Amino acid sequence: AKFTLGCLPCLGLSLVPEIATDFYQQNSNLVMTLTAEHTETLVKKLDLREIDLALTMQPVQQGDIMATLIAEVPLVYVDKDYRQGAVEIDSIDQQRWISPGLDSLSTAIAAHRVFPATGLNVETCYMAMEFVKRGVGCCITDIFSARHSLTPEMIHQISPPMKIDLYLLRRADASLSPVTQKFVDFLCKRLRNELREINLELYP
């Protein structure tokens, strides 16, 4: 059994290594490879057969890549500047906005508000969180990246609540092994379970 999973950086910071660790400890006689890459690179690696599976927040219809919507992930407002509870997107100060590069994210936000161009554009979630921590500005990010890098006081639900879709991509012309099928099922169950606990913690 041998498979390679690529994920977005927000998922590689902690959740995927936790899930992989639990599976790897329960199932030996396998070779697992893991990597974190932005979406465009994940799709390219699936098309070149450099990875078998990708976790993204955007569907694709390229080639024989099939994207399966597996969960909905909260989007949260993040800032060092104190906020009470939930944040309406129209209350955000566009002068402090850090524009996120994740197209899916920027596209989701843009459905609710078009932020003008700013002096700071950050395309990788954990680098944005560092700028938030140093007080340089504010952002909307996925909860996985916020939860990893920030204290709870810096994380705020949106009003109304905002989510982004989480997808599992694999090639359809390609065929999975049983162990890889078992891993995909385990991975999906643990991701859904984590989002359940996250919902509890986000409740204001």
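In case it trips you up, residue 1 is the first one in the sequence shown, and so on.
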### Message
Comparing average C-alpha B factors as deposited, tell me which of 110-118 and 130-138 sits higher.
### Response
110-118
#### Entry: Mean Cα B-factor comparison, 39-47 or 170-178, giving the higher one as deposited
170-178
### Message
Highest Cα temperature factor in the entry, among the options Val31, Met57, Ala54, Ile65: which one is it?
### Response
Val31
## Note on the structure
In terms of its chain's C-alpha B-factors, the third that includes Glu194 is the middle
### Query
Once the chain's modelled residues are ordered by C-alpha B factor and cut into thirds, is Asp22 in the lowest, middle or highest one?
middle
### Among modelled residues of the same chain, the CA temperature factor third for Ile89
highest
#### Entry: Chain thirds of CA B-factor: placement of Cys7
lowest
### Task
Grab the CA temperature factor for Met154 from the record and place it in the lowest, middle or highest third of its chain.
middle
